[PDB]
Amino acid sequence: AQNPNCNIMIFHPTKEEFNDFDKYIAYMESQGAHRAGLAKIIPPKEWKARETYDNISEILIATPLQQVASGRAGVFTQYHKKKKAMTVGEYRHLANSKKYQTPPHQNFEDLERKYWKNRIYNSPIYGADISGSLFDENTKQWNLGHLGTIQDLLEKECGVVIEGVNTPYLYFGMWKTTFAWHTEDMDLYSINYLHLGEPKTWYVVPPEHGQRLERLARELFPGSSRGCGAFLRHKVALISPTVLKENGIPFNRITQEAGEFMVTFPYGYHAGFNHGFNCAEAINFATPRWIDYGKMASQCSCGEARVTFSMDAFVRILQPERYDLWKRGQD
Ligand SMILES: O=C(O)CNC(=O)C(=O)O
Ligand SMILES: [Mg+2]
Ligand code: NI
Ligand SMILES: [Zn+2]
């Protein structure tokens with residue numbers, strides 16, 4: 001078995017190997033990359049996402065989210081308070097202000113320590129989940145707006161044609177902005193490209209061990225667990241590496257830098273934080289190997305998780321018994 005310790009793997013494809021996205025994902029899985037739940041892909045030196053980022057300041061963040069925490073430093077939830085719209089140039093200036101800027105630090109490890117010590121005492125503002133793309137239309141390789149759609153994959157594998165579309169999302173971050181522990185909708189893959197700015201630190205649980213994280217979460221968030229049988233779908237819970245180690249939960253960590261891709265694999269729980277002002281682009285995707293994960297994915301029916309238009313068909317086709325109850329949740 002390849003990668004039996006489930007380590008995060010880092011790949012350096014050549015420009016020739018960067019041509020065929022599907023083939024490269026399958027290659028990474030032949031080497032055991034998926035067992036970690038997360039992989040890093042460093043693009044060939046010849047590649048670029050676009051020519052410059054000098055002209056992005058007028059993108060609008062219609063609904064910036066202030067991420068307010070409750071709990072203790074290693075075990076907390078966050079809720080998202082909606083703020084007034086602002087441009088990316090306005091948000092960048094805010095991120096760099098004395099109130100929000102990254103503190104002085106020695107290295108990524110010192111910064112990580114400071115994040116876990118102090119995150120709960122601040123409420124950073126995240127420009128998350130903005131439909132759009134920063135890839136140039138002429139970028140032919142690993143262009144996250146030009147990937148094979150999940151609807152087309154389902155149709156190719158299973159023969160059924162379904163409604164829905166699959167487009168990317170932009171994330172503008174600042175110091176301490178946080179992504180809570182989650183897997184993707186319908187336990188899909190994700191791919192995330194850090195276009196510019198400061199790094200993003202990731203934590204990940206191997207898919208084969210995801211239920212250990214879920215059992216810890218039920219213990220640590222007992223009211224939330226009574227409310228919903230899949231409450232990590234709400235994407236609000238944080239658990240620190242120290243707490244994971246104390247409870248024996250297998251995980252790994254890695255820091256993504258500008259210019260790098262990360263891939264999350266089906267049922268790979270992940271969480272993390274931004275180091276400072278940055279911009280990432282991410283999208284879900286599927287492969288043939290996903291279908292069995294999609295059929296088994298948990299679902300939130302309590303009503304809280306509320307998701308995209310395209311999830312309907314995935315539930316309806318892959319999970320027809322659950323369909324009815326899940327759709328009650330969504331309506
Ligand atoms: O970058 C973020 O805030 C969150 N990203 C992801 O969970 C992802 O790409 O799958
Ligand atoms: Mg602009
Ligand atoms: Ni994700
Ligand atoms: Zn729920």
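Whatever order the structure lists ligands and atoms in, that order sets their numbers, starting from 1. Start at 1 with the first residue, then count along the sequence.
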- Message: My understanding is that only residues two or more places apart in sequence, or in another chain, count here; which of them pass side-chain hydrogen bond (donor to acceptor under 3.5 Å, both in side chains) with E112?
- Response: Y203, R253
- Message: For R72, give me all partners under side-chain hydrogen bond (donor to acceptor under 3.5 Å, both in side chains), at least two apart in sequence or on another chain.
- Response: none
- Sub-4.0 Å heavy-atom environment of ligand 1, residues by chain: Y126, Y171, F179, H182, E184, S190, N192, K200, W202, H270, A282
- Task: Angle at the Zn ion (ligand 4): provide the value between SG of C302 and SG of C228, rounding to 10 degrees.
- Result: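 Value, to the nearest 10 degrees: 120°.
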- Message: Only to 10 degrees, please: what angle do the NE2 atom of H234 and the SG atom of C300 make about the Zn ion (ligand 4)?
- Response: 110°
- Are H195 and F135 near enough that their ring centres are under 6.0 Å apart? yes
- For the rings on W202 and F273, is their centre-to-centre separation under 6.0 Å?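 Ring centres of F273 and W202 not closer than 6.0 Å.
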- Task: Validate the cation-pi geometry between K23 and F21: distance from NZ or CZ to the six-membered ring centre under 6.0 Å, angle to the ring axis within 45°.
- Result: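 Not flagged: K23 not positioned over aromatic ring of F21.
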- Message: Under 4.0 Å between a side-chain nitrogen and a carboxylate oxygen: does that hold for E184 and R233?
- Response: no
- Message: Enumerate the ring-ring contact (aromatic ring centres under 6.0 Å, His included) contacts for residues 83-114, please, sequence neighbours excluded, ordered by first and then second residue.
- Response: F108-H275
